[PDB]
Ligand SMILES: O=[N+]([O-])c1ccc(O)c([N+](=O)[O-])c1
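First, one chain by itself in structure tokens, the form deposited without the named molecule.
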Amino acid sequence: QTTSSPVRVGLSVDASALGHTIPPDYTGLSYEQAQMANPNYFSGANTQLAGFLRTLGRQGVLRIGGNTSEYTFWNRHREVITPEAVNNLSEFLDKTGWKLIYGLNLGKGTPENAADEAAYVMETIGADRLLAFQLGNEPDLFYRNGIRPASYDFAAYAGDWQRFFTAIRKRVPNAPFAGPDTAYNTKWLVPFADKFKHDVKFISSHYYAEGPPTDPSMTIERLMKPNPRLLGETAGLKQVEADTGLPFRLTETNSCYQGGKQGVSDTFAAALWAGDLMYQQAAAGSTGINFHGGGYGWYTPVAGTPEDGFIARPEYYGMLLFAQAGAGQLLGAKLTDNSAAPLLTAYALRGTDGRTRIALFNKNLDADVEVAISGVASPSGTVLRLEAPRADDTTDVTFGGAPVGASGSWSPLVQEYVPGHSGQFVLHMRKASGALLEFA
């Protein structure tokens, strides 16, 4: 490609500037526990949904919990989870190769019912595929729903958590746990890590780009800019890790609250946001991510049902770019001369296969860019482009010149070499686009 009047920026790759190593199970999705009320959703029979997950990664994590986990009640025979639903989830995990984070009902359920449900999950799914149980979702927001009274605080929650933990461990001596399954904060997450650091495997935190309802309204323009609250919360998590030894995973995230915002969450801009977010958190030392979704929600990566079929929504294509990059070690990638295109981001990666890759997100809505790439020595680079004709498009999204098809079927159909002369490369990118470069 060539662009009309592009902003000419410099990208310098430094193979000696070592960052974090991306784990092979970094990618992931978060779903409502209420989906378990239908044993045909997370099922070996659901070959469509299993195909979408395999395309997002050979390894990844399925997280089940969410606000419906305070209303879902296990029974060995308001939503009900049966042995049959847990048996079918086991077969779904076998078909996808993914590992499981499983919510237990601390909001409305009993310690003894949680221990009974955990025992059946451990009996059926087993220790290798079960990563963690979580004891409630967003306990700091229990009062907003009246699930607890306004007086409920960290002290109260810690009492609940200990009662559930003790009851579960009696039934399941090897039960693994994560928490506290909420947004970063000083009154809940920091004291949780201090008190329970010997009882959990990792810290589970949540992130939504939209702020409180009294923040300025979320637009595509705002979604593309840096989020200083995200940088702060991520620093907070790094310090918990230094203090307690506990790594962190982002177990529930998406663009906007309450199932997302029409004209923002369901748009190609969400592919750029989600792809960029995956790399920003991996570079910060996060162990992984779980994009919330289900049904036909505005922000869901995968939409549909077993009866009607499943489709890749725009956000899925951001996650697909990450999937095709693969795992490896992050490297130095500094941008210069980039003040008139400030929302361009770039991430360089030494792939586990030994090839250098670069993931670029041109999140500038009104500036095409020309990137002069130094610090890569290769006889040939290829580009796969992440594209839609407008940032607010709800469809027309392609990666490598192709849409995702049925059951997550994808492969690239457009081959493009990156122009190379004097040990350097020059890549044009349209406004609001992304690219994955791979060097021989």
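The term rigid core refers to the most C-alpha atoms you can superpose between the two forms while keeping them within 1.5 Å. All residue numbers refer to positions in the sequence shown, first residue = 1.
Missing here is the form deposited with the named molecule bound; even so, the following discussion is about that form.
Enquirer: Considering the named molecule in the bound PDB entry, which of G381, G51, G375, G400 comes within 4.5 Å of it through any heavy atom?
Expert: Going through each option in turn, the one that passes is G381.
Enquirer: The named molecule isn't shown here, but in the bound PDB entry, which of 414-422, 6-14, 19-27, 428-436 has heavy atoms within 4.5 Å of it?
Expert: It is the stretch 414-422.
Enquirer: Rigid core fitted, is the C-alpha displacement of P419 between this form and the one not shown 2 Å or more?
Expert: Yes, the C-alpha position differs by at least 2 Å between this form and the one not shown.
Enquirer: So, does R171 move by 2 Å or more at the CA between this form and the one not shown, with the core held fixed?
Expert: Shift at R171: below 2 Å after core fit.
Enquirer: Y184: CA shift of at least 2 Å between this form and the one not shown after core fit?
Expert: True for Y184: a C-alpha shift of 2 Å or more.
Enquirer: What direction does the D215-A282 Cα distance move in the bound PDB entry compared with the shown chain, closer or farther, given a change of 3 Å or more?
Expert: Result: farther.
Enquirer: Would you mind telling me if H428 and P419 are closer or farther apart in the bound PDB entry than in the shown form, C-alpha to C-alpha, with a 3 Å or larger change?
Expert: Relative to the shown form, the pair is farther apart.
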